[PDB]
Amino acid sequence: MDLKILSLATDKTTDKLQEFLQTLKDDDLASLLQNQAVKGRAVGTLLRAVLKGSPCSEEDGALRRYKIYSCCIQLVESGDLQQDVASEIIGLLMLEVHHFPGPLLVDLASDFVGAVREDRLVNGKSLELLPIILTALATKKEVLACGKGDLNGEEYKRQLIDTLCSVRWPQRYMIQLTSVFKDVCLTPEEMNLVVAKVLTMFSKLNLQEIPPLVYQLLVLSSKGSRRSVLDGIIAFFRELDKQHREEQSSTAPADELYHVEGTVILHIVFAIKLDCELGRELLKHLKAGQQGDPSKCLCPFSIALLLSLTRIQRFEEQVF
Amino acid sequence: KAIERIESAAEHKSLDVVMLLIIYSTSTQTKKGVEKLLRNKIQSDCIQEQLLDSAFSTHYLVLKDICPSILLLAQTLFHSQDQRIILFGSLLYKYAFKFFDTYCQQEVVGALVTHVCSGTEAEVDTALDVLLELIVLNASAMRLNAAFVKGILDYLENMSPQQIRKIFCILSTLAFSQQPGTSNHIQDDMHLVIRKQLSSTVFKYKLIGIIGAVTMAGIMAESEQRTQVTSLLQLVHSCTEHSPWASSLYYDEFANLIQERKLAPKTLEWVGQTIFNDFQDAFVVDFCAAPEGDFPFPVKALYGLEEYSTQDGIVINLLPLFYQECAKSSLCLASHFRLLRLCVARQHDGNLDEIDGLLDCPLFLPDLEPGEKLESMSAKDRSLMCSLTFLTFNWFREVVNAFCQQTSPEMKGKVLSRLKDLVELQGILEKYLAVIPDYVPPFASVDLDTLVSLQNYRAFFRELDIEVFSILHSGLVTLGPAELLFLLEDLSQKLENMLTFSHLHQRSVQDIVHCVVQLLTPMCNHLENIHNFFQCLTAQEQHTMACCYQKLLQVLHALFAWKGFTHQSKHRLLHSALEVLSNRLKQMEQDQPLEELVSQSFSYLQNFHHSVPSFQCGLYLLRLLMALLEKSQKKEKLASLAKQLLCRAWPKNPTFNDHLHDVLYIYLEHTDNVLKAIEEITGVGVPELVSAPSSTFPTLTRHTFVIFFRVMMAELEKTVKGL
């Protein structure tokens with residue numbers, strides 16, 4: 001069958017390509033699960049042919065692409081594919097995901113939301129589509145036919161994101177879940193949600209997995225809200241410090257907690273170095289001023305932070 | 001104060017640099033004082049790489065406690081224009097990294113990464129140049145801090161095409177140093193962004209993927225190796241194929257990766273097969289002189305060499321292709337030619353025989369030649385004649401790139417005519433420009449720029465490499481003057497950018513200097529001698545050769561004005577260039593001392609003066625001679641040379657005025673007691689009002705007088721504060 005689809009990529013659009021499509025309908029799972037396993041490069045051009053044989057100017061082509069896409073997502077994260085093959089698959093998906101109509105895009109991104117509930121993905125590689133998916137929705141301000149209608153591309157985009165904040169994020173993939181919001185443009189309300197939810201999950205991770213997570217949160221803030229990003233990180237460790245000071249008066253803990261704070265700090269001082277408004281937001285946040293506050297403001301951690309910031313030339317004098 | 005005095009002697013030793021770093025780190029009041037002094041020292045042509053070298057290699061242990069200041073020096077030095085200070089600011093960062101503690105090497109990498117992301121134009125180029133050299137110096141330590149370098153990726157959207165190339169060059173070089181065949185921190189994530197970049201509709205973000213991906217593949221090209229690289233390259237061609245902008249880029253980025261890195265003949269022969277077929281398919285047609293389709297122009301197959309058979313197959317498809325695109329790939333013609341051209345060359349040892357018919361080709365084109373009779377017949381037709389002239393001009397610009405290196409003498413003949421056709425084309429190009437104004441965007445881009453008229457068209461040319469300058473080997477005629485200038489003008493624009501562009505900057509400076517000594521001197525020595533004999537013995541002949549005379553004296557000058565000749569090593573390069581200027585007579589000694597070589601050259605160039613057509617050509621000769629002396633009587637010789645320039649008869653604009661001030665500045669500066677030369681101007685300065693408001697020893701008027709007096713005064717004041 002493969003070669004006969006290679007002739008269709010030669011002669012002409014529509015009649016050649018889409019005629020052989022409607023004749024199958026049986027199964028796209030068994031073919032791609034295998035014809036990938038012989039030579040992965042037989043699949044690469046397989047997508048290119050089938051996808052241009054199913055444009056979005058025809059519903060039978062559109063509604064077929066939706067099934068195609070679904071089948072390309074599962075395998076990437078399911079079977080063990082040479083990364084070379086798995087990548088190529090996703091690359092082409094991201095490539096051709098441009099012209100999907102409003103109705104189908106929502107359906108596509110909603111299957112990620114369903115997968116987010118319970119899935120062992122082993123690959124956030126599925127999630128690489130979400131960024132481009134939502135930004136495509138942002139390109140259409142007109143109502144789409146779904147549900148009751150009365151919703152723009154941006155709103156579905158907003159509502160889609162709100163659903164992502166509500167569901168449980170799997171402990172394994174939350175690094176990749178978060179780094180997906182990093183490729184999307186956000187509203188100030190959407191940002192505080194992505195940030196806050198990510199924070200909400202902090203105390204549910206083993207300590208040593210927090211430091212790389214902070215860096216991922218730090219690269220979001222560049223476009224986002226700094227005060228909260230700083231507020232959570234600081235106050236998370238502030239509460240974490242309190243527990244350690246209480247065991248000391250009532251070695252074992254010291255090697256982890258204080259090493260992590262040394263990693264977390266060193267990350268946000270380097271973030272302030274690449275981005276200044278994050279530093280000025282840190283100072284304006286920690287400003288003592290009223291004297292009830294400097295008791296509640298500075299703590300061992302936030303002070304270790306400032307001292308560490310002394311390394312940067314500009315903020316040196318302001319901090320002291 | 002003991003250091004600032006010796007600024008009057010440029011040869012002061014290395015210990016001065018070591019001591020300035022100590023004084024800098026002592027107190028804050030010495031900081032700002034040192035800092036300015038250090039800048040005025042670097043702009044004094046003092047404290048060069050050479051000195052900072054011996055300062056660090058010997059003294060690193062002494063300087064180990066001065067580190068954070070040394071790094072604070074790097075900063076405030078990095079923050080100025082005038083790269084000379086930025087370089088020295090970068091040389092601090094590097095010599096730090098070289099011999100020093102880890103914690104020191106952790107901040108150096110960090111400080112440099114920052115200069116990259118938030119820095120300015122120069123700051124980012126220079127920072128990425130050092131970050132490259134660091135891997136060369138110490139790789140294993142470079143990879144330990146790589147987490148900071150990755151952060152650069154997040155700022156990719158703000159960078160240029162050059163730097164995107166520069167940034168991926170670094171990250172991938174680290175990734176493959178850690179382990180071959182595996183995938184670690186850097187490898188994966190830079191694959192991640194490469195995917196997310198290629199899949200954007202906006203070209204600005206495809207530019208990032210196209211360059212970054214071809215660079216990765218380029219570096220990992222040195223069974224599992226080729227399949228990885230191939231899959232990476234095909235993922236690029238599928239993304240880039242829809243837009244003629246993108247695919248031309250990918251073809252140029254592919255054309256880069258093939259000529260630079262040395263890959264496996266087995267990996268080269270893989271991706272090479274598609275290129276030969278894809279090319280003949282798109283752009284190549286047979287000789288039917290009637291092409292298919294309705295073009296309201298007399299479309300012929302234009303300008304082959306005709307030494308190539310009239311009855312025969314091959315002609316390029318340009319017009320029928322460019323017309324169909326306009327109304328409803330032809331922009332990928334030149335990019336595809338370079339790629340194919342390098343593919344065959346690299347699999348054949350440089351034998352182009354299979355493609356050689358491509359240099360003999362005509363193109364299917366309406367007559368572009370005059371717009372002169374057809375003038376004032378316009379709109380669509382005038383934008384079509386402009387870019388068709390343009391597109392072709394680039395074709396024969398790229399073809400001269402291909403066949404300049406070929407051996408056979410008939411093959412050098414075939415290039416030399418493409419050089420005249422490249423000359424006529426460029427005149428025809430500017431004919432359409434001064435005619436069709438301001439409504440004329442081009443259909444192609446150049447150096448990726450950002451998102452045309454006379455000024456800009458220069459930049460939309462393609463790039464001639466220095467191998468093309470090997471055409472300069474031949475002589476002249478009563479290769480004529482027109483083609484000579486064409487090369488001489490490209491050279492000068494290159495040597496301004498190097499010693500004072502992409503493919504140029506992507507080979508080392510030394511190479512370009514080494515080659516430009518061979519390529520020019522025992523050529524121009526022959527070419528110069530033809531210009532002199534001509535100016536000793538017509539409308540265009542004068543105008544063109546008087547220009548070739550300049551471009552020569554501009555180029556020769558740019559070579560010996562090379563500020564890297566101060567270093568030990570370059571003495572050998574200098575010895576060559578100086579002894580290649582050593583033949584009016586033979587060489588009695590092979591090893592002759594540098595000092596004589598200087599004057600043998602000087603004298604050789606001193607007589608050239610009387611032939612000089614314009615006030616300019618006298619200046620650039622002076623400047624040339626003057627740059628020889630700086631290598632080592634001659635001071636007075638220069639005066640008489642400047643005397644004559646203001647004296648003998650010459651055939652409104654600041655040009656003339658500015659060059660005068662340059663001459664009078666050289667005149668009064670190098671001579672004997674200046675009162676003597678000043679009285680001459682004081683006594684014969686009078687004839688202005690008294691005759692016919694010109695003079696004996698002329699060039700004195702209302703506007704030419706004020707120029708004199710400024711140099712007159714300033715020099716008197718210079719000698720007054722001297723004693």
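Residues numbered from 1 in each chain as written, not as in the entry; some residues may be left out. Chains lettered and ligands numbered in written order. Part of a larger assembly, values for the part shown. Heavy atoms only, no water. Residues with missing side-chain atoms left out of burial classes, pairs and counts.

Per the deposited record, X-ray crystallography is how this structure was determined, to a resolution of 3.408 Å.

Colleague: So, the overall build of chain A: which residues are in play, and what are the values?
Modeller: A tally of helices and strands in chain A yields 18 helices and zero strands. Taking the principal axes of its C-alpha atoms as reference, chain A extends roughly 75 × 45 × 35 Å. A total of 320 residues make up chain A; the buried ones form 48% of that total. Per element, the accessible surface of chain A, about 16800 Å² overall, is 52% carbon and sulfur. Once the 37 positive and 43 negative side-chain charges of chain A are each reduced to a mean point, those two points are 3 Å apart. (Helix = DSSP H or I, 4+ residues; strand = E, 2+ residues; numbered from the N terminus. Buried < 20%, exposed > 50% of the residue type's maximum accessible area, 1.4 Å probe, protein only. Areas by Shrake-Rupley, 256 points an atom, 1.4 Å probe, with all protein chains shown as cover. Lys, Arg positive; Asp, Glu negative; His and termini not counted. Charge placed at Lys NZ, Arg CZ, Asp CG, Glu CD.)

Colleague: Could you give me a rundown of the interface of chain B and chain A, with the residues and numbers involved?
Modeller: Frequently, the measure chosen for interface size is the accessible area removed from exposure when the parts meet. With 29 residues of chain B at the contact, the number on the chain A side is 27 residues. Across the chain B/chain A interface, buried area totals approximately 2300 Å², and carbon plus sulfur atoms make up 51% of it. Counting the surface chain B buries against chain A, the share from its top three residues, B:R195, B:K196 and B:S199, is 27%. On inspection of chain B and its partner chain A, the count reaches five salt bridges. For A:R48, the salt bridge is made with B:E241, and the minimal N-O distance between the two is 2.9 Å. Our enumeration of links across chain B and chain A arrives at eleven residue pairs in polar contact. Of all the elements in the fold, those that place two or more residues in the side of chain B that touches chain A are α5 (67–78), α7 (102–118), α12 (185–198) and α14 (224–240) of chain B. Of the residues that constitute the side of chain B that touches chain A, the class distribution is ten nonpolar, 14 polar and five charged. (Contact = heavy atoms within 4.5 Å. Buried area = accessible area lost by both parts, 1.4 Å probe. Salt bridge = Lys/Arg side-chain N within 4 Å of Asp/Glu carboxyl O. Polar contact = N/O pair within 3.5 Å; in protein donor to acceptor, adjacent residues only side chain to side chain. Nonpolar A, V, L, I, M, F, W, Y, C, P; charged D, E, K, R; others polar.)

Colleague: Please give an account of the packing of aromatic side chains that cites residues and values.
Modeller: Using the criterion set out here, one finds 23 aromatic pairs over all chains in the structure. Between A:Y69 and A:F100 the ring centres are 4.7 Å apart and the planes differ by 65°, which places this aromatic pair in the edge-to-face class. Residue A:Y69 is found in helix α5 (residues 59–78), and its partner A:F100 is found in the loop between α6 (83–96) and α7 (102–117); the two are separated by 31 residues along the sequence. A ring pair is formed by B:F78 and B:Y93, whose centres lie 5.6 Å apart and whose planes are at 55°; its orientation type is tilted. One end of the pair, B:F78, is in helix α5; the other, B:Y93, is in helix α6 (residues 83–98), and 15 residues separate them in sequence. The exposure classification of B:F78 matches that of B:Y93, with both residues buried. These aromatic residues form a ring-pair network of at least three members: A:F202, A:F236, A:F237 and A:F301. (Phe/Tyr/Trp six-rings, centres within 6.5 Å; stacked < 30°, edge-to-face > 60°.)

Colleague: How would you summarise a positive patch on the surface if you had to cite specific residues and measurements?
Modeller: Taken together, the side chains of A:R280, A:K284, A:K287 and A:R314 present a region of like positive charge at the surface. If you trace the backbone, A:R280 turns up in helix α15 (residues 277–286). (Patch = residues over 30% accessible without salt bridge, like charges linked within 9 Å, V, L, I, M, F, W, Y side chains within 5 Å.)

Colleague: Break down unusual backbone geometry for me, citing the residues and quoting the values.
Modeller: Positive phi is not limited to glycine here, since A:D150 has a value of about 50°. Note that A:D150 resides in the loop between α8 (129–137) and α9 (153–166).

Colleague: An account of helix α3 (residues 28–42) of chain B is needed here, citing residue identities and associated values.
Modeller: Residues and elements named next belong to chain B. In a regular helix each residue adds 1.5 Å, so 15 residues correspond to 21 Å; α3 covers 21 Å between its end C-alpha atoms and thus fits that length. For α3, every residue scored as buried is listed here: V34, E35, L37, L38, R39, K41 and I42. Check the buried side of α3 and you find it contacts α1 (2–5), α2 (15–26), α5 and α6. (Expected span 1.5 Å × (residues − 1).)

Colleague: Explain the pattern of salt bridges residue by residue, including any values.
Modeller: Oppositely charged side chains may form a pair once their charged atoms are brought near each other. Evaluated as defined, the whole model comprises 38 salt bridges over all chains. As a salt-bridge pair, A:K182 and B:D154 come within 3.0 Å of each other at their nearest N and O atoms. Residue A:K182 is located in the loop between α10 (174–181) and α11 (188–200), and its partner B:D154 is located in the loop between α10 (146–150) and α11 (161–178); the two belong to separate chains. By relative accessible area, A:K182 is classed as partly exposed at 22%. On the basis of relative accessible area, B:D154 is assigned to the partly exposed category, the value being 34%. We note a salt bridge from B:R261 to B:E260, for which the minimum N-O separation is 4.0 Å. Judged by its relative accessible area of 23%, B:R261 is partly exposed. Here the salt bridges do not stand alone but share partners, grouping B:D252, B:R338, B:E398, B:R462, B:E463 and B:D465 into one network.

Colleague: Please give an account of the side chain of A:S308 that cites residues and values.
Modeller: Tracing the chain through its elements places A:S308 in helix α17 (residues 300–309). Setting aside residues up to four positions removed in sequence, A:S308 forms contacts with A:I265 and A:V269.

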